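> Contents of structure17.cif (mmCIF, N, CA and C atoms and all ligand atoms):
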```cif
data_start
loop_
_atom_site.label_atom_id
_atom_site.label_comp_id
_atom_site.auth_asym_id
_atom_site.auth_seq_id
_atom_site.Cartn_x
_atom_site.Cartn_y
_atom_site.Cartn_z
N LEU A 519 27.81 -19.29 -15.95
CA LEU A 519 27.68 -18.59 -14.67
C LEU A 519 27.91 -17.10 -14.88
N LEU A 520 27.17 -16.52 -15.83
CA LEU A 520 27.35 -15.14 -16.26
C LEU A 520 27.00 -14.16 -15.13
N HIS A 521 27.52 -12.94 -15.27
CA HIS A 521 27.40 -11.90 -14.23
C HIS A 521 26.00 -11.29 -14.26
N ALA A 522 25.04 -12.08 -13.79
CA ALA A 522 23.63 -11.69 -13.77
C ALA A 522 22.91 -12.57 -12.76
N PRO A 523 21.79 -12.11 -12.21
CA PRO A 523 20.93 -13.02 -11.43
C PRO A 523 20.34 -14.10 -12.33
N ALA A 524 20.56 -15.35 -11.94
CA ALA A 524 20.19 -16.49 -12.77
C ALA A 524 18.68 -16.73 -12.74
N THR A 525 18.17 -17.30 -13.82
CA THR A 525 16.75 -17.62 -13.94
C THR A 525 16.46 -19.11 -14.06
N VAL A 526 17.49 -19.95 -14.19
CA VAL A 526 17.33 -21.40 -14.21
C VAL A 526 17.90 -21.95 -12.91
N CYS A 527 17.06 -22.64 -12.15
CA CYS A 527 17.44 -23.15 -10.84
C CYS A 527 16.81 -24.53 -10.66
N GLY A 528 16.87 -25.03 -9.43
CA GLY A 528 16.20 -26.26 -9.07
C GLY A 528 15.11 -26.01 -8.06
N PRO A 529 14.13 -26.91 -7.98
CA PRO A 529 13.06 -26.76 -6.98
C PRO A 529 13.59 -26.99 -5.58
N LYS A 530 13.49 -25.93 -4.76
CA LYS A 530 13.95 -26.02 -3.35
C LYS A 530 12.94 -26.82 -2.54
N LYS A 531 13.42 -27.83 -1.81
CA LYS A 531 12.50 -28.74 -1.07
C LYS A 531 11.75 -27.96 0.01
N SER A 532 10.51 -28.36 0.30
CA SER A 532 9.67 -27.63 1.28
C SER A 532 9.46 -28.45 2.56
N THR A 533 8.43 -28.15 3.35
CA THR A 533 8.10 -28.85 4.58
C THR A 533 6.64 -28.54 4.90
N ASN A 534 6.00 -29.43 5.66
CA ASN A 534 4.65 -29.19 6.15
C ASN A 534 4.71 -28.12 7.25
N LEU A 535 3.55 -27.57 7.60
CA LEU A 535 3.47 -26.45 8.53
C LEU A 535 3.31 -26.98 9.95
N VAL A 536 3.90 -26.26 10.90
CA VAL A 536 3.84 -26.60 12.32
C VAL A 536 3.35 -25.38 13.09
N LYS A 537 2.51 -25.61 14.09
CA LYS A 537 1.89 -24.56 14.88
C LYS A 537 2.37 -24.64 16.32
N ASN A 538 2.74 -23.49 16.89
CA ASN A 538 3.12 -23.31 18.29
C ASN A 538 4.32 -24.19 18.67
N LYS A 539 5.43 -23.95 17.98
CA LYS A 539 6.65 -24.71 18.23
C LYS A 539 7.85 -23.84 17.86
N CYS A 540 8.88 -23.87 18.71
CA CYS A 540 10.12 -23.16 18.43
C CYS A 540 10.85 -23.87 17.30
N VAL A 541 10.87 -23.25 16.12
CA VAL A 541 11.39 -23.88 14.91
C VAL A 541 12.32 -22.92 14.20
N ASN A 542 13.18 -23.49 13.35
CA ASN A 542 14.12 -22.71 12.54
C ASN A 542 13.47 -22.48 11.17
N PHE A 543 12.69 -21.41 11.09
CA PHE A 543 11.97 -21.10 9.86
C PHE A 543 12.92 -20.55 8.79
N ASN A 544 12.58 -20.83 7.52
CA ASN A 544 13.33 -20.31 6.34
C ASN A 544 12.30 -19.96 5.27
N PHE A 545 11.75 -18.75 5.31
CA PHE A 545 10.70 -18.32 4.38
C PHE A 545 11.35 -17.40 3.35
N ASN A 546 11.72 -18.06 2.25
CA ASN A 546 12.33 -17.34 1.12
C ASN A 546 13.38 -16.39 1.67
N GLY A 547 14.51 -16.93 2.13
CA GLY A 547 15.61 -16.05 2.55
C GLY A 547 15.38 -15.41 3.91
N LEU A 548 14.57 -16.05 4.74
CA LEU A 548 14.40 -15.52 6.10
C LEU A 548 14.85 -16.57 7.11
N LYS A 549 16.17 -16.66 7.27
CA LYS A 549 16.73 -17.54 8.28
C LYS A 549 16.54 -16.93 9.66
N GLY A 550 16.17 -17.78 10.62
CA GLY A 550 15.93 -17.30 11.97
C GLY A 550 15.25 -18.37 12.80
N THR A 551 14.84 -17.95 13.99
CA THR A 551 14.20 -18.83 14.96
C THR A 551 12.96 -18.14 15.52
N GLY A 552 11.85 -18.87 15.57
CA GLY A 552 10.63 -18.35 16.14
C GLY A 552 9.55 -19.41 16.10
N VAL A 553 8.37 -19.02 16.57
CA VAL A 553 7.21 -19.89 16.54
C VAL A 553 6.22 -19.34 15.52
N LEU A 554 5.32 -20.20 15.07
CA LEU A 554 4.39 -19.88 14.00
C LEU A 554 2.96 -19.99 14.52
N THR A 555 2.18 -18.93 14.30
CA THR A 555 0.78 -18.91 14.70
C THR A 555 -0.03 -18.16 13.65
N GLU A 556 -1.34 -18.40 13.65
CA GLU A 556 -2.21 -17.71 12.71
C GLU A 556 -2.40 -16.25 13.13
N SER A 557 -2.76 -15.42 12.16
CA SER A 557 -2.90 -13.99 12.38
C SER A 557 -4.19 -13.49 11.74
N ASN A 558 -4.80 -12.50 12.39
CA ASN A 558 -5.99 -11.85 11.86
C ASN A 558 -5.66 -10.57 11.10
N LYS A 559 -4.39 -10.18 11.01
CA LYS A 559 -4.01 -8.95 10.33
C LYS A 559 -4.11 -9.16 8.83
N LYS A 560 -4.75 -8.21 8.15
CA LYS A 560 -4.95 -8.33 6.71
C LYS A 560 -3.81 -7.67 5.95
N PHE A 561 -3.31 -8.36 4.94
CA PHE A 561 -2.25 -7.85 4.09
C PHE A 561 -2.83 -7.32 2.79
N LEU A 562 -1.96 -6.84 1.92
CA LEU A 562 -2.25 -6.54 0.53
C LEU A 562 -1.53 -7.58 -0.32
N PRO A 563 -2.04 -7.91 -1.52
CA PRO A 563 -1.55 -9.11 -2.23
C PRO A 563 -0.10 -9.07 -2.68
N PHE A 564 0.53 -7.90 -2.72
CA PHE A 564 1.93 -7.79 -3.11
C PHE A 564 2.90 -7.83 -1.93
N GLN A 565 2.41 -8.01 -0.70
CA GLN A 565 3.26 -8.19 0.46
C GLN A 565 3.60 -9.66 0.66
N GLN A 566 4.77 -9.91 1.24
CA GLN A 566 5.15 -11.26 1.61
C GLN A 566 5.70 -11.41 3.02
N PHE A 567 6.41 -10.43 3.57
CA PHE A 567 6.80 -10.47 4.98
C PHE A 567 6.24 -9.22 5.67
N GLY A 568 6.63 -9.01 6.93
CA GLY A 568 6.11 -7.89 7.69
C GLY A 568 7.07 -7.46 8.77
N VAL B 269 7.06 13.59 -18.08
CA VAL B 269 8.31 12.90 -17.80
C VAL B 269 9.06 13.64 -16.69
N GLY B 270 9.48 12.89 -15.67
CA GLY B 270 10.14 13.46 -14.53
C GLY B 270 11.32 12.60 -14.11
N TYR B 271 12.14 13.15 -13.23
CA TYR B 271 13.38 12.51 -12.85
C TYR B 271 13.34 12.07 -11.39
N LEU B 272 14.25 11.16 -11.05
CA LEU B 272 14.42 10.67 -9.69
C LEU B 272 15.86 10.89 -9.28
N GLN B 273 16.06 11.44 -8.09
CA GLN B 273 17.39 11.65 -7.53
C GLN B 273 17.40 11.12 -6.10
N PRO B 274 18.60 10.79 -5.54
CA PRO B 274 18.62 10.28 -4.16
C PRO B 274 18.25 11.31 -3.12
N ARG B 275 17.08 11.14 -2.51
CA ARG B 275 16.65 11.98 -1.41
C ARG B 275 15.73 11.16 -0.51
N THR B 276 15.37 11.75 0.63
CA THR B 276 14.72 11.04 1.73
C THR B 276 13.26 11.44 1.82
N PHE B 277 12.38 10.44 1.90
CA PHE B 277 10.96 10.63 2.15
C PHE B 277 10.58 9.98 3.47
N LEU B 278 9.83 10.71 4.29
CA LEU B 278 9.21 10.15 5.49
C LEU B 278 7.80 9.74 5.13
N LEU B 279 7.56 8.44 5.02
CA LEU B 279 6.25 7.94 4.61
C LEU B 279 5.64 7.09 5.71
N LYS B 280 4.36 7.33 5.99
CA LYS B 280 3.66 6.60 7.04
C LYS B 280 2.75 5.55 6.42
N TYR B 281 2.42 4.53 7.21
CA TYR B 281 1.66 3.40 6.70
C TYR B 281 0.38 3.26 7.52
N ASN B 282 -0.71 2.96 6.83
CA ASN B 282 -2.00 2.84 7.50
C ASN B 282 -2.07 1.53 8.29
N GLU B 283 -3.10 1.41 9.12
CA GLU B 283 -3.33 0.19 9.88
C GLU B 283 -3.71 -0.99 8.99
N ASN B 284 -4.22 -0.72 7.78
CA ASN B 284 -4.48 -1.76 6.80
C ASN B 284 -3.25 -2.08 5.95
N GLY B 285 -2.14 -1.38 6.17
CA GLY B 285 -0.90 -1.67 5.48
C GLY B 285 -0.59 -0.80 4.29
N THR B 286 -1.47 0.11 3.91
CA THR B 286 -1.26 0.96 2.75
C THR B 286 -0.64 2.28 3.16
N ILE B 287 -0.08 2.99 2.18
CA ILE B 287 0.60 4.26 2.43
C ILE B 287 -0.36 5.40 2.11
N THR B 288 -0.63 6.24 3.10
CA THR B 288 -1.57 7.33 2.94
C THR B 288 -0.92 8.70 2.88
N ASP B 289 0.31 8.86 3.36
CA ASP B 289 0.96 10.16 3.32
C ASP B 289 2.47 10.02 3.37
N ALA B 290 3.14 10.98 2.74
CA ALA B 290 4.60 11.04 2.69
C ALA B 290 5.04 12.50 2.74
N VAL B 291 6.28 12.70 3.19
CA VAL B 291 6.87 14.01 3.44
C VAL B 291 8.23 14.08 2.76
N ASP B 292 8.44 15.11 1.95
CA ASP B 292 9.74 15.40 1.36
C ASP B 292 10.62 16.03 2.42
N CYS B 293 11.72 15.36 2.77
CA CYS B 293 12.56 15.82 3.88
C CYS B 293 13.40 17.04 3.54
N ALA B 294 13.45 17.48 2.28
CA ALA B 294 14.27 18.61 1.89
C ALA B 294 13.50 19.68 1.13
N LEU B 295 12.17 19.68 1.20
CA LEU B 295 11.38 20.66 0.45
C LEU B 295 11.39 22.01 1.14
N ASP B 296 10.85 22.07 2.35
CA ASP B 296 10.83 23.27 3.18
C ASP B 296 11.21 22.86 4.60
N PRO B 297 11.75 23.79 5.41
CA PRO B 297 12.28 23.40 6.73
C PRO B 297 11.27 22.82 7.71
N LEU B 298 9.98 23.14 7.57
CA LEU B 298 8.97 22.51 8.41
C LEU B 298 8.89 21.01 8.16
N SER B 299 9.01 20.61 6.90
CA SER B 299 9.03 19.19 6.57
C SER B 299 10.32 18.54 7.07
N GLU B 300 11.41 19.30 7.14
CA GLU B 300 12.64 18.75 7.69
C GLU B 300 12.54 18.55 9.20
N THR B 301 11.81 19.44 9.89
CA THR B 301 11.52 19.20 11.30
C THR B 301 10.59 18.01 11.48
N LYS B 302 9.66 17.82 10.55
CA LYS B 302 8.80 16.64 10.59
C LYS B 302 9.60 15.36 10.38
N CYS B 303 10.65 15.43 9.55
CA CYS B 303 11.50 14.27 9.33
C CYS B 303 12.39 13.99 10.53
N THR B 304 12.93 15.03 11.17
CA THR B 304 13.83 14.81 12.30
C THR B 304 13.08 14.37 13.55
N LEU B 305 11.82 14.75 13.69
CA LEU B 305 11.01 14.26 14.80
C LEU B 305 10.32 12.94 14.50
N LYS B 306 10.36 12.49 13.24
CA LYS B 306 9.68 11.28 12.76
C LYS B 306 8.18 11.31 13.07
N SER B 307 7.57 12.48 12.88
CA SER B 307 6.15 12.65 13.14
C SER B 307 5.58 13.66 12.16
N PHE B 308 4.28 13.54 11.90
CA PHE B 308 3.60 14.40 10.95
C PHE B 308 3.04 15.67 11.59
N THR B 309 3.02 15.75 12.91
CA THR B 309 2.58 16.95 13.62
C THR B 309 3.65 17.33 14.62
N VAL B 310 4.07 18.59 14.60
CA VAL B 310 5.07 19.10 15.52
C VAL B 310 4.39 20.04 16.50
N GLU B 311 4.98 20.20 17.67
CA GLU B 311 4.47 21.14 18.65
C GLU B 311 5.22 22.46 18.55
N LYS B 312 4.77 23.44 19.31
CA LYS B 312 5.43 24.73 19.33
C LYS B 312 6.75 24.63 20.08
N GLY B 313 7.81 25.13 19.48
CA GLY B 313 9.11 25.11 20.13
C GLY B 313 10.24 25.28 19.14
N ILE B 314 11.45 25.15 19.67
CA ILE B 314 12.68 25.20 18.89
C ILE B 314 13.11 23.78 18.57
N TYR B 315 13.48 23.54 17.32
CA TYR B 315 14.00 22.24 16.91
C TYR B 315 15.30 22.46 16.16
N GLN B 316 16.42 22.11 16.79
CA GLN B 316 17.72 22.12 16.12
C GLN B 316 17.71 21.00 15.10
N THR B 317 17.55 21.35 13.83
CA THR B 317 17.18 20.39 12.80
C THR B 317 18.37 19.91 11.98
N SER B 318 19.06 20.82 11.31
CA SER B 318 20.16 20.45 10.44
C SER B 318 21.26 21.49 10.59
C1 LIG A 601 -9.37 -1.42 6.44
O1 LIG A 601 -9.87 -2.66 5.88
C2 LIG A 601 -11.14 -3.07 6.41
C3 LIG A 601 -11.46 -4.41 5.78
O2 LIG A 601 -12.65 -4.36 5.00
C4 LIG A 601 -12.20 -2.00 6.11
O3 LIG A 601 -13.43 -2.39 6.69
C5 LIG A 601 -11.75 -0.66 6.67
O4 LIG A 601 -12.68 0.35 6.30
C6 LIG A 601 -10.36 -0.28 6.16
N1 LIG A 601 -9.92 0.96 6.76
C7 LIG A 601 -9.22 1.89 6.09
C8 LIG A 601 -8.85 3.12 6.87
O5 LIG A 601 -8.91 1.75 4.91
#
```
Just dump the structure as structure tokens.

Amino acid sequence: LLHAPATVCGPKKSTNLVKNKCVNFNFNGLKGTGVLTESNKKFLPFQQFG
Amino acid sequence: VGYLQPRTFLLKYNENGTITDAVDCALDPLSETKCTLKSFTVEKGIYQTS
């Protein structure tokens, strides 16, 4: 448990996607509450949140 | 070869998500007024800046 960010971990379990529902989303360290819908806004490939 | 030091940049983002312009907040006082107003265009007047 050396003083560094670790590179060996376990696979974090996932979930199927849900549309138009108040859910407790967790997108890579994004704890919170909201609903999920599709978007027409275009990103760049190195973005992940907004 | 150049150096990096802690200073503030006011950078704006395009509607497509990319960065098209940035302002050095400590280069010249007009840019410091642009940083304190959080806008790239200032109007005529007095701005108590720093
Ligand atoms: C934004 O991206 C769209 C997608 O193709 C393109 O048509 C448009 O010209 C782009 N606008 C700018 C200002 O880059």
> Using only N, CA and C atoms and all ligand atoms, what are the residues with an atom within 8 Å of ligand LIG 601 (chain A), set out as a ChimeraX atom specification?
/A:560 /B:282-286
> Do you have the atom N of residue 317 of chain B-atom C of residue 273 of chain B distance handy?
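So the answer is 22.4 Å.
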> Would you kindly identify which residues have an atom no farther than 8 Å from (13.1, 20.9, 17.9), using only N, CA and C atoms and the file's own coordinates, and write them out as a ChimeraX atom specification?
/B:301,304-305,312-317
> When DSSP is applied to the backbone of this structure, which of chain B are assigned helix (DSSP H, G or I)? Write them out as a list in words.
residues 297, 298, 299, 300, 301, 302, 303, 304 and 305 of chain B
> One decimal, in Å: what's the spacing between atom C of residue 274 of chain B and atom N of residue 548 of chain A?
28.7 Å
> Within 8 Å of chain B, which residues of chain A are there when counting all atoms listed in the file? Please give them as a list in words.
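Selected residues: residues 559, 560, 561 and 562 of chain A.
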> Between atom C of residue 551 of chain A and atom C of residue 539 of chain A, what distance in Å does the model show, to one decimal?
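Going from atom C of residue 551 of chain A over to atom C of residue 539 of chain A covers 8.0 Å.
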> Starting from the point (12.1, 9.0, 2.7), work out which residues of protein, DNA or RNA have an atom no more than 8 Å away when counting only C-alpha atoms; state them as a VMD selection string.
chain B and resid 275 to 279 290 to 293
> With N, CA and C atoms kept, could you save the residues just selected as an mmCIF file, in the coordinates of the input?

```
data_model
loop_
_atom_site.group_PDB
_atom_site.id
_atom_site.type_symbol
_atom_site.label_atom_id
_atom_site.label_comp_id
_atom_site.auth_asym_id
_atom_site.auth_seq_id
_atom_site.Cartn_x
_atom_site.Cartn_y
_atom_site.Cartn_z
ATOM 1 N N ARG B 275 17.080 11.140 -2.510
ATOM 2 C CA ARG B 275 16.650 11.980 -1.410
ATOM 3 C C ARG B 275 15.730 11.160 -0.510
ATOM 4 N N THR B 276 15.370 11.750 0.630
ATOM 5 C CA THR B 276 14.720 11.040 1.730
ATOM 6 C C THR B 276 13.260 11.440 1.820
ATOM 7 N N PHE B 277 12.380 10.440 1.900
ATOM 8 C CA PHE B 277 10.960 10.630 2.150
ATOM 9 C C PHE B 277 10.580 9.980 3.470
ATOM 10 N N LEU B 278 9.830 10.710 4.290
ATOM 11 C CA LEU B 278 9.210 10.150 5.490
ATOM 12 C C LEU B 278 7.800 9.740 5.130
ATOM 13 N N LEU B 279 7.560 8.440 5.020
ATOM 14 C CA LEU B 279 6.250 7.940 4.610
ATOM 15 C C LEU B 279 5.640 7.090 5.710
ATOM 16 N N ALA B 290 3.140 10.980 2.740
ATOM 17 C CA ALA B 290 4.600 11.040 2.690
ATOM 18 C C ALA B 290 5.040 12.500 2.740
ATOM 19 N N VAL B 291 6.280 12.700 3.190
ATOM 20 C CA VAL B 291 6.870 14.010 3.440
ATOM 21 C C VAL B 291 8.230 14.080 2.760
ATOM 22 N N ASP B 292 8.440 15.110 1.950
ATOM 23 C CA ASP B 292 9.740 15.400 1.360
ATOM 24 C C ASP B 292 10.620 16.030 2.420
ATOM 25 N N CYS B 293 11.720 15.360 2.770
ATOM 26 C CA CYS B 293 12.560 15.820 3.880
ATOM 27 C C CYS B 293 13.400 17.040 3.540
#
```
> Going by DSSP on the backbone, which bits of chain B are strand (DSSP E)? Write them as a list in words, please.
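The strand (DSSP E) subset of chain B is residues 277, 278, 279, 280, 281, 287, 288, 289, 290, 291 and 292 of chain B.
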> Box in all listed atoms of segment 527-531 of chain A, axis-aligned, with 8 Å more on each side; write out centre and edge lengths in Å to one decimal as AutoDock Vina command-line options.

```
--center_x 14.6 --center_y -25.7 --center_z -6.1 --size_x 21.7 --size_y 22.1 --size_z 28.2
```
> Would you pick out the contacts of residue 546 of chain A at 10 Å or less, using only C-alpha atoms, so that residues sharing its chain but fewer than 4 positions from it are not included, and give the list as a ChimeraX atom specification?
/A:530,566-567
> Is it possible to produce a file of chain B from this structure, with C-alpha atoms, as an mmCIF file, in the first residue's frame?

```cif
data_model
loop_
_atom_site.group_PDB
_atom_site.id
_atom_site.type_symbol
_atom_site.label_atom_id
_atom_site.label_comp_id
_atom_site.auth_asym_id
_atom_site.auth_seq_id
_atom_site.Cartn_x
_atom_site.Cartn_y
_atom_site.Cartn_z
ATOM 1 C CA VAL B 269 12.248 25.858 -23.603
ATOM 2 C CA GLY B 270 10.011 27.914 -21.332
ATOM 3 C CA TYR B 271 8.818 27.951 -17.756
ATOM 4 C CA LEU B 272 5.477 27.783 -15.960
ATOM 5 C CA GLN B 273 4.637 29.756 -12.817
ATOM 6 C CA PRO B 274 1.355 30.095 -10.853
ATOM 7 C CA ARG B 275 -0.744 32.771 -12.537
ATOM 8 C CA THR B 276 -4.302 33.269 -13.752
ATOM 9 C CA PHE B 277 -5.651 32.938 -17.299
ATOM 10 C CA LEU B 278 -9.157 33.942 -18.369
ATOM 11 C CA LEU B 279 -9.969 31.450 -21.122
ATOM 12 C CA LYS B 280 -13.229 31.240 -23.051
ATOM 13 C CA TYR B 281 -14.746 28.152 -24.640
ATOM 14 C CA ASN B 282 -16.462 27.854 -28.004
ATOM 15 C CA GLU B 283 -19.979 26.510 -28.544
ATOM 16 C CA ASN B 284 -18.363 23.339 -29.936
ATOM 17 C CA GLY B 285 -16.417 22.969 -26.683
ATOM 18 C CA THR B 286 -12.961 24.071 -27.848
ATOM 19 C CA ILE B 287 -10.855 26.945 -26.525
ATOM 20 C CA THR B 288 -10.438 29.829 -28.962
ATOM 21 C CA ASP B 289 -9.004 32.630 -26.805
ATOM 22 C CA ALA B 290 -7.301 33.285 -23.473
ATOM 23 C CA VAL B 291 -6.192 36.361 -21.521
ATOM 24 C CA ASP B 292 -3.153 36.781 -19.260
ATOM 25 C CA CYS B 293 -4.581 38.411 -16.131
ATOM 26 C CA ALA B 294 -1.270 40.080 -15.167
ATOM 27 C CA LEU B 295 0.264 41.130 -18.503
ATOM 28 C CA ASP B 296 -1.115 44.665 -18.921
ATOM 29 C CA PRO B 297 -3.858 46.444 -16.911
ATOM 30 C CA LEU B 298 -6.422 46.271 -19.745
ATOM 31 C CA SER B 299 -6.234 42.485 -19.553
ATOM 32 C CA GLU B 300 -6.637 42.745 -15.778
ATOM 33 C CA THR B 301 -9.846 44.726 -16.320
ATOM 34 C CA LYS B 302 -10.909 42.008 -18.758
ATOM 35 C CA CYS B 303 -10.254 39.437 -16.025
ATOM 36 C CA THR B 304 -12.124 41.353 -13.310
ATOM 37 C CA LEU B 305 -15.153 41.878 -15.563
ATOM 38 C CA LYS B 306 -14.939 38.240 -16.819
ATOM 39 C CA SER B 307 -15.432 39.489 -20.376
ATOM 40 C CA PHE B 308 -13.299 39.958 -23.476
ATOM 41 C CA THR B 309 -14.749 43.385 -24.347
ATOM 42 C CA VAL B 310 -14.958 46.267 -21.876
ATOM 43 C CA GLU B 311 -16.943 49.469 -22.195
ATOM 44 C CA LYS B 312 -15.777 53.021 -21.620
ATOM 45 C CA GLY B 313 -15.533 53.876 -17.941
ATOM 46 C CA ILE B 314 -13.648 53.540 -14.678
ATOM 47 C CA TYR B 315 -12.915 50.063 -13.339
ATOM 48 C CA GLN B 316 -11.488 49.759 -9.827
ATOM 49 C CA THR B 317 -9.440 46.699 -10.695
ATOM 50 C CA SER B 318 -6.709 45.812 -8.197
#
```
